[PDB]
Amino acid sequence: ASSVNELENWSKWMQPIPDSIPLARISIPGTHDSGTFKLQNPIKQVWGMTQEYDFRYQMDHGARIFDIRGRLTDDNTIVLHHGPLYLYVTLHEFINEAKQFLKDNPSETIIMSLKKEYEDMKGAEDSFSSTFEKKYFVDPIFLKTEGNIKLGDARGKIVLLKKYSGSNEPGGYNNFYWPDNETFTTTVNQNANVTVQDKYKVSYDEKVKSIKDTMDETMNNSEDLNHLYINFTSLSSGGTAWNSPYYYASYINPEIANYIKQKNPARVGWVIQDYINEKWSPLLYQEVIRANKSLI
């Protein structure tokens, strides 16, 4: 769509973008541990909570990537989890939330990250991957094509990003290595590379350094559509005494948001944040989106 003023529309920002751009090339803002908005317990909050608004407010703000972590239950279903805590949100709840958003804004698509946060219940029936692929993934809204996932194809459905081995059905982004805590780089499909910066449990100093550092590389490697760039602005720690994911989001988002503003980059990659709202000075998600002007 000829205009640039389209990126300003958070619910349909992927409309002006050509149906020929690989999802990897697009600077898509994400959300970290998305299903934690319901946490109301004060002690569970300063540790678990990384969000404050439901999946609709989330994607109604430009967010197109969701960090979904779950567990297999007795009732042969998948519920959202955070470590050994049941977050009072379910997997159906999410897919149902995205279908509604997509029926309303057909121009958009959404990448659903999925991992086995906890161990299958002591009385389940099938495996984790099987249960998901036989009871959920087997839905039409789930893009079944793979390769270098272009926008023209994912429009209207849910692009699945595997973060679990044991997958038997084709579709989405093939689950790769992904080391615990670090900035790594590995091959995805047969035609792709990934540079994931997931340095959780680190100092504020190193954290913001590592973000900007990876954001530097992508900003310069803004022409290789064969490279996926994940950037977790999220930072966790001892909570309670101002070590919570909230304390860090309040500085890191506006800070990293500015970094994008001044740099006038073309590409900033997939930026998975914490506490996506409208109270932090420049707003990270709005900046990530705007940086797609170079694509229109």
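We number the residues from 1 along the sequence you see.
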- prompt: Looking only at CA atoms, which has the higher mean B factor in the entry: 5-13 or 19-27?
  reply: 5-13
- request: Would you determine, from the values in the PDB entry, which of 268-276 and 281-289 has the greater average C-alpha temperature factor?
  value: 281-289
field: Among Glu93, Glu206, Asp216, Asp198 - the residue whose C-alpha B-factor is largest in the record
entry: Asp198
- prompt: For the listed residues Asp153, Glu97, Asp180, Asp75, which one has the largest C-alpha B-factor as given in the deposited model?
  reply: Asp180
field: CA B-factor ranking of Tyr229, expressed as a third of its chain
entry: lowest
message: By the recorded C-alpha temperature factor, relative to the other modelled residues in its chain, which third is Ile252 in?
response: lowest
task: Divide the modelled residues of the chain into thirds by Cα B-factor and specify which third, lowest, middle or highest, holds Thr131.
output: lowest
- prompt: Lowest, middle or highest third: where is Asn105 by Cα B-factor in its chain?
  reply: highest
task: Would you please rank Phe66 by its C-alpha temperature factor against the other modelled residues of its chain and give the third it falls in: lowest, middle or highest?
output: middle
